[PDB]
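Only one chain is shown below, in structure tokens, and it's the form deposited in one PDB entry.
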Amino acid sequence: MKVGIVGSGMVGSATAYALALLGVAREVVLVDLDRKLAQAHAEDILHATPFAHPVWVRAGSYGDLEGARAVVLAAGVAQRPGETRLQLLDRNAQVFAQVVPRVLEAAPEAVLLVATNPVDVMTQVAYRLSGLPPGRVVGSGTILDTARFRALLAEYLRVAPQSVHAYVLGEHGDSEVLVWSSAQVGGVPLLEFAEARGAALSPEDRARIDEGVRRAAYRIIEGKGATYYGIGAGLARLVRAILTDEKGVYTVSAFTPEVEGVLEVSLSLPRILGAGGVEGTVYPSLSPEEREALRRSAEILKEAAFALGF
């Protein structure tokens, strides 16, 4: 039960903390070029373990990823003046070019878990770089978005979120697609459910659920500079799924052969997440309207990972 995290910044350390507090893995290994930093986060998290579960948290190099069943790639970040946005992506793809092969040299049988933004394009980058089957490279995707979509719905409907079977699709960016038509609470369609519960989802208060799912990420960044604690626990959950061979269903990003006519693009979709990564993809019922939001999204993403040449 060993997990590696390349990139010992806020996202990766939060993940390590999440893993260690949730007692999911028995060994988390932090790897960063800032071996000093890697070491501080690791030793800090380790000092937490006496007050949680016994998990051996430690910093290392690529060679100590040996045996790790899943390795979280959260190793992007850079400067932000000054330089443009497609230029930050250009230099993060450079890092994957440097980090991917090296991680595969140590943990070839591991599941790659991309967590560097833009999640989806980087996931694409990592898949083609890795030379692995498509189901082994997995991006965080819209798992935090799906949870927010459910959280807002669960608030509006006055029920538990675990009981709101709905999803966010495609991009983890301002082009995601909220699934309403096939959504479901209690065996009844979601839009239908919200009438007996005396609270019809008007196109108004249901387009604000949209720019609430789309804007959640920003209110944080604009408020404290970065986003970490949330994606960290979500990563730790995906890692738990992989480690336990649970075969849960998550809206994570992965290389997709065909989706809405767009070929060879990576985007979120309901995936069965087990010890071999995605074991199967599910294609939810999509109202003719949302299907449009999917391809439009699935085409943005694809023509993104082309400027990059991927």
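A residue's number is simply how far along the shown sequence it sits, counting from 1.
In this entry, 266-274 shows the higher mean Cα temperature factor of the pair 41-49 and 266-274. Checked against the record, the higher mean CA B factor of 297-305 and 21-29 lies with 297-305. Take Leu73, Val239, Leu88, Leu190 and read off each C-alpha B-factor from the entry; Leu88 has the highest. The PDB entry assigns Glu246 a C-alpha temperature factor belonging to the lowest third of its chain's modelled residues. When the modelled residues of the chain are ordered by their C-alpha B factor, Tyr218 lands in the highest third. When all modelled residues of the chain are sorted by CA temperature factor, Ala68 is found within the middle third. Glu279 sits in the lowest third of its chain by CA B factor, as recorded in the PDB entry. When all modelled residues of the chain are sorted by CA temperature factor, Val259 is found within the highest third.
Same protein, other form: the form deposited with a small molecule bound, not shown, and the subject of what follows.
Using a 4.5 Å cut-off to the small molecule in the bound PDB entry, each of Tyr62, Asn117 and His172 places a heavy atom inside that distance. Of the candidates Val168, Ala74, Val138, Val125, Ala74 is the one whose heavy atoms come within 4.5 Å of the small molecule in the bound PDB entry; the others do not. Contact with the small molecule in the bound PDB entry, defined as a heavy atom within 4.5 Å, holds for exactly one of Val249, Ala48, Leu33, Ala40, namely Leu33. Just one listed stretch, out of 201-209, 108-116, 236-244, 128-136, contacts the small molecule in the bound PDB entry at the 4.5 Å heavy atom level, and that stretch is 108-116. Contact annotation: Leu19 falls outside 4.5 Å of the small molecule in the bound PDB entry, judged by heavy atom distances. Though the partner is left out of this view, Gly4 does not reach within 4.5 Å of the small molecule in the bound PDB entry, counting heavy atoms only. At a distance threshold of 4.5 angstroms between non-hydrogen atoms, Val11 is in contact with the small molecule in the bound PDB entry. Contact check for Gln184: every heavy atom lies farther than 4.5 Å from the small molecule in the bound PDB entry.
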